[PDB]
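Visitor: Provided hereafter are the protein sequence and its experimental coordinates.
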Amino acid sequence: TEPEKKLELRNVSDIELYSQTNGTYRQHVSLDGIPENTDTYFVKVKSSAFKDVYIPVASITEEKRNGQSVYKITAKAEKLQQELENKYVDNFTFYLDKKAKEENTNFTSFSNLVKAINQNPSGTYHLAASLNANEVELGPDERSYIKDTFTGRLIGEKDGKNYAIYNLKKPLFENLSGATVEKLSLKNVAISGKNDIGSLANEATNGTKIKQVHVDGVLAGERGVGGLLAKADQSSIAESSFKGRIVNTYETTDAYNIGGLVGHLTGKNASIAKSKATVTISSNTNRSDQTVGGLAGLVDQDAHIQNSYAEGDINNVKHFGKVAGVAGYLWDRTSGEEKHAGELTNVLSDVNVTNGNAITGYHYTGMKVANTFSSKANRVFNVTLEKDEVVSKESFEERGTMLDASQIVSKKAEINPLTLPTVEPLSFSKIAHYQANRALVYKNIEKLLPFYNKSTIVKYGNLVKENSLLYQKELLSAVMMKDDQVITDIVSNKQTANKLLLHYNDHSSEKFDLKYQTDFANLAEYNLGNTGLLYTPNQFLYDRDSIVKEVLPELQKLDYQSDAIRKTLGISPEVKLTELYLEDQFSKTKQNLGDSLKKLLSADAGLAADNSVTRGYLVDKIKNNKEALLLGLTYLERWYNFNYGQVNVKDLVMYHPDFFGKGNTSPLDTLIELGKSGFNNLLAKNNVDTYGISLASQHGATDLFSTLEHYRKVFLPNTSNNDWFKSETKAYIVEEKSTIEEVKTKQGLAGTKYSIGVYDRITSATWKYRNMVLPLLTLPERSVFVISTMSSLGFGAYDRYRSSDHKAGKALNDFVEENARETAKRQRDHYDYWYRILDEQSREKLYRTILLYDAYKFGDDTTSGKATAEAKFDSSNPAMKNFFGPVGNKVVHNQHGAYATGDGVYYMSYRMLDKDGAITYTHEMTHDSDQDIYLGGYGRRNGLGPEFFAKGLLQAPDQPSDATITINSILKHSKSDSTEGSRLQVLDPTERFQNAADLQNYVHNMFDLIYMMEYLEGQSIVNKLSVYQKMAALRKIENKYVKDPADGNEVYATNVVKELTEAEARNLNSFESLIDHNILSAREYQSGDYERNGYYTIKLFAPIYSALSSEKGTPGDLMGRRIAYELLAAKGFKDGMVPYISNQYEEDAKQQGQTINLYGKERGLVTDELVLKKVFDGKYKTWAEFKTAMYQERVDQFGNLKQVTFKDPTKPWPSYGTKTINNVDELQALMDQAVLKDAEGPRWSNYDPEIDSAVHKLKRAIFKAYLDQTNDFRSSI
């Protein structure tokens, strides 16, 4: 008893009735009245299993269901069989209800809510369930859904649990006046508007008791943004919450008060109590009157913020406006009283604000902030004065990391809001032929035969065999012709489509052969290999040409700079569309609109109608939203056209939304939703967030990265996702795994916090610019290079190195490639060294990723050198158009200098690839991660600033011939080069330094030689030098305590070098007196006073006999680095140098009694006396004793064992072969003669007394001779 095959609608979720009476289609949901005279209606059946179907009506009549006017409507189709009351009818017949009396109030639905509120705004209203706001038609330019003044007077939700208004796109109440909204929640807000915007309402004129309002979602505005209310006048918000993005990156130049919770607090009794705002707010001030305050912002007229909490992130581009973490411009425009300004109390803000303060932007004497709190986070300030510099703000109260302990400021957290309408699938049993074991198989074949009878389904399911792979759960398949993902069926149905890719729930792809076997004009059919299973496309092959010939000409006449596009987007005529970066792809999609539009009409919905009503409905839907459709088509094609092998997902993402499941969505609906979503949603910078909002939750995927991983699992299996990333992208990706076997094995894995792959780092969380993946997938040419090494991720452009010497093609590419490879190798060697040195298990934290952008200063071929043309945006350079621009990271980009913002490093002048790029690389890296990486784990010393640990301490030397005490961690220079002359540095890093003990031994031997030479020079000073010569030859260094702006205490000491008096000069007759009187050589150290946080490095050959022990908190800079290197010579890096500069002995000071008020909190003060008494408890009591004992040890050493193989020429251009110093006595005699020669007839003009001075020549010659004697500094005895 084989059954017949007909078309059948199974999972009929709901049914709708549309009309064409007035030439415009509308929803005749209820009150059809008398049966209509003419039948131009068409029934739209929406299914939970597959997409909707439009079928023309046949007969509309009235039938008494139970003595009521319930209209029965029967639709006309080819062979449509409907299973009604367990029996089959040859036509789809359904009943329509009369009406539902729910419009008397606003309980049920939002569509009824906007109607009910407008009737009488005053009163009391309660929500009945979680209601979706997608039912309202938004409006062309409507400000808010509810337009009355005072609305929602008592709109509470205490009737049942808590109900949330899902999917908001405009302000809810527009205005509020003496109206109390309480217990209301907003879950997915996407508000975008030109004027002032507010999630709850735009203004609160009178006493609006806002309570228990938790709003979540992204808010984008231009003229002004607000978290809950754009302006609160005499209104109080208590126990409210916000948790969404806030963007105001537009180039507006007006007075806006953007705030994460409320825009403007102007009321006398206005108050914010027990409120929290997790606002990852980004904004561009561009003018001083602007204010970005997170919580509130520009608080005025005694409005008091009590018990608030700000945990978001503020990313201000420039510090022009008054931006702060928890309170913006507390000052008022009128008289500046302490009380009239505003009040803060018991407030906390652990917000990573940039370019601004952590608490209040404008700080004055009569401060009314009272009690404030802030944690240890980034508060960087780009002063952009001359060379770009970044410093901390220091204008907040500082606390520890125990934020959860101090989280009792706001006890209220959040509430569990009820979910929206589920509308499940509600999934046949007891058919003609049924088997229990093959149940799932039936479902597995239902995706293969849509619009078919259940009898045919089970008949074909019985034909499935166990050997085949149809026994796993199967998602929707994709028909393809030789890896093409064909969509336009009516064009490619006659041609036998080659393959059908079944995508199973195991993320497995299985290819079956297809042939146009059984041919129906109504619905195409196909056969699947030898199994005999039938496959049919989910489209009725209607006349697409009738729709195309109509809709194509109107869509063709559109311009990117037209007013229609600007009106469809949320753009004011002032701001430009350059941030979209879709003009080229706009034109491209404009030319070939035919193919894409045919694919869209093919994948949209199944038209089983020969009557022109359904095709007219499609035409109207495509025409009414032409601008939005075209913008969506441009955006989806621009950023989603990357190939998995030979399969391009431009057709599988834009169309075929059922590949992951969820066939209920329509590819046309998502395009319209993406087009009209706004300017910020279509923005290129938010490509990762746009997917989650528009594309996701509709294609069946959670996020963009999960979608990419899913497509990599389906297409191109058994290959790592990072490998596919490296293969597909057109950026030159260079990865260098460290030489150490342990870290080399650790990096190979795909694990987070350890993988070196570019995709594993970019797509990971806690990455600032994770939106850099989608543009990088779409690079047309080798325009950008990605240097991804351990603990780094540098992005650079090829146009940065293009100049007169390097032509635009062939030469620039090769040069950039080779130099990038060498720079990756150098960075890898540097981090290999730093991994070998650090042995305190802090090396496991050397895997953090921080980007390394370049200058953006692209240079044309006409430019002689590296051009300084900033090229802000919209440049003709392909690197700026296809990258950097889309990954919009507005930088300062000055002419000279490099700065490390704390989360990344930027090269404004030094080119990253050049060999001078690494010497600045190590300095910027020391600036970036000195707090928790290079040090043992404790922060910087309180007095020492960021420039102290970098310029003279942990950095590679600027040049090889530089006579400075530094560690050559990066640059590798072979002996073959001409740089062998005056080496004075380490030959090969990562070979000399294999452990911390190796570094300690190297520094110990270097300072042994340095101490020998310095002792010889000192004995030359006291014994053979006159008084007048002694005065000029030496200087006296002291420590002067000056007031600093950041901290109140003046315990910090600054070094000062001064000309010593003749009275003190005469006393200098003993070498011990040189150490006691604190004297240093004037050959290389200037006579002016030094400053704190300065680029001061101690010279290698310029002696510093002074042991200027600063009994206070901080030694200084010139003396600090010298004593730190001496301590490193005495004890190891972790044992000696780290406790000196990393205040690890701070707590002990707090236990002793040494204290300091740091940022308003009592903290320990690590004095030099404590460091001396803890590092060397029994050996020494004073730093002078330590210096003297080091000198005495070196003396006892060189008095016995010194290598006679010392070869120093110290002669002019005529080559001098060998002086063969055999004992220290001849060397001391030569030093005496050199000092006497330098004293006699001193030039002291044109500066630079380091080359002409004969004393420096002898020291350099001896140093180079001893360095070249052994392989490296191993032992000098």
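Guide: That came through fine. Residues are numbered from 1 along each chain as shown.

Visitor: Looking at the chain, which strand is longest?
Guide: In the chain, assigned by DSSP state E, the strand with the most residues is strand 53-64.

Visitor: mind listing what that one pairs with, with the direction of each?
Guide: strand 42-47 (antiparallel), strand 69-75 (antiparallel), strand 606-607 (parallel) (DSSP bridges).

Visitor: what's stretch 716-728 in contact with?
Guide: Under the contact criterion Cβ atoms under 8 Å, 6 or more residues apart in numbering, stretch 716-728 has outside partners 508-509, 642-645, 708-709, 712, 733, 750, 755, 757-760, 777. Every residue, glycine included, has its C-beta placed from N, CA and C.

Visitor: And for stretch 547-557?
Guide: Contacting residues not belonging to stretch 547-557 are listed as 590, 593-594, 597-598, 601, 615, 618-619, 622-623, 626, 629-630 [Cβ under 8 Å, 6+ apart].

Visitor: Would you map the helices across the stretch 501-650 of the chain?
Guide: Chain-ordered helices for the stretch 501-650 of the chain, with DSSP state H, counting those that start in this stretch as the definition, fall at 544-556, 563-568, 583-591, 593-604, 612-624, 626-639, 650-654.

Visitor: Mean neighbour count and distance to residue 866 for the ones you listed - can I get that in JSON lines?
Guide: Listed next are those as JSON lines, based on neighbours: other Cβ atoms under 10 Å; distance: least, Cβ to Cβ, whole Å:
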{"stretch": "helix 544-556", "mean neighbour count": "15", "distance to residue 866": "45"}
{"stretch": "helix 563-568", "mean neighbour count": "16", "distance to residue 866": "38"}
{"stretch": "helix 583-591", "mean neighbour count": "16", "distance to residue 866": "28"}
{"stretch": "helix 593-604", "mean neighbour count": "20", "distance to residue 866": "42"}
{"stretch": "helix 612-624", "mean neighbour count": "19", "distance to residue 866": "51"}
{"stretch": "helix 626-639", "mean neighbour count": "23", "distance to residue 866": "31"}
{"stretch": "helix 650-654", "mean neighbour count": "22", "distance to residue 866": "38"}
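
Visitor: Identify whichever of the ones you listed lies nearest to residue 489.
Guide: Closest to residue 489 of these is helix 593-604 (Cβ to Cβ; 5.6 Å).

Visitor: Burial check on the nearest residue to residue 587 once chain neighbours are set aside, number of neighbours?
Guide: Closest residue in space to residue 587, ignoring its immediate chain neighbours: residue 560 at 7.4 Å, by Cβ to Cβ, 6 or more residues apart in numbering. Each residue near residue 560 was counted by other Cβ atoms under 10 Å, and the total is 17.

Visitor: Among the contacts of stretch 547-557, which one lies nearest to residue 1231?
Guide: When those are compared for distance to residue 1231 (Cβ to Cβ), residue 590 wins out at 81.6 Å.

Visitor: on that earlier part again, buried residues in the longest strand of the chain, which are they?
Guide: By neighbour count with 16 or more other Cβ atoms under 10 Å, strand 53-64 contains the buried residues 53-58, 60.

Visitor: if we can go back for a sec, list buried residues within the contacts of stretch 716-728.
Guide: By the neighbour-count criterion of 16+ other Cβ under 10 Å, these include these buried positions: 509, 642-644, 708-709, 712, 733, 755, 757-760, 777.

Visitor: could you dump the residues you listed to JSON lines with distance to residue 942 and secondary structure?
Guide: Conversion of the buried ones among the contacts of stretch 716-728 to JSON lines gives the following (distance: Cβ to Cβ, whole Å; DSSP: H, G, I helix; E, B strand; the rest coil):
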{"residue": "509", "distance to residue 942": "60", "secondary structure": "strand"}
{"residue": "642", "distance to residue 942": "50", "secondary structure": "coil"}
{"residue": "643", "distance to residue 942": "55", "secondary structure": "strand"}
{"residue": "644", "distance to residue 942": "54", "secondary structure": "strand"}
{"residue": "708", "distance to residue 942": "46", "secondary structure": "helix"}
{"residue": "709", "distance to residue 942": "46", "secondary structure": "helix"}
{"residue": "712", "distance to residue 942": "50", "secondary structure": "helix"}
{"residue": "733", "distance to residue 942": "42", "secondary structure": "strand"}
{"residue": "755", "distance to residue 942": "37", "secondary structure": "coil"}
{"residue": "757", "distance to residue 942": "40", "secondary structure": "coil"}
{"residue": "758", "distance to residue 942": "39", "secondary structure": "helix"}
{"residue": "759", "distance to residue 942": "41", "secondary structure": "helix"}
{"residue": "760", "distance to residue 942": "38", "secondary structure": "helix"}
{"residue": "777", "distance to residue 942": "46", "secondary structure": "helix"}
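
Visitor: Identify the farthest-apart pair in those.
Guide: Using Cβ to Cβ, these span at most 26.5 Å, a distance reached by 509 and 733.

Visitor: still on that earlier bit, among the helices of the stretch 501-650 of the chain, which is nearest residue 665?
Guide: helix 593-604 (10.7 Å).

Visitor: pretty sure residue 997 contacts residue 1132?
Guide: Yes. Shown here, residue 997 and residue 1132 form a contact pair, counting by Cβ atoms under 8 Å, at 7.1 Å.

Visitor: Neighbour count: these two, which is higher?
Guide: residue 1132 (20 against 13).

Visitor: How much space separates that one from residue 673?
Guide: Residue 1132 is 63 Å from residue 673, where distance means Cβ to Cβ, to the nearest Å.

Visitor: Buried residues in stretch 953-964, which are they?
Guide: In terms of neighbour count (16+ other Cβ under 10 Å), stretch 953-964 has its buried residues at 953-957, 960, 962-964.

Visitor: Pick out whichever of the residues you listed sits closest to residue 146.
Guide: Minimum separation from residue 146 among the buried residues of stretch 953-964 (Cβ to Cβ) is found for residue 954, which lies at 61.0 Å.
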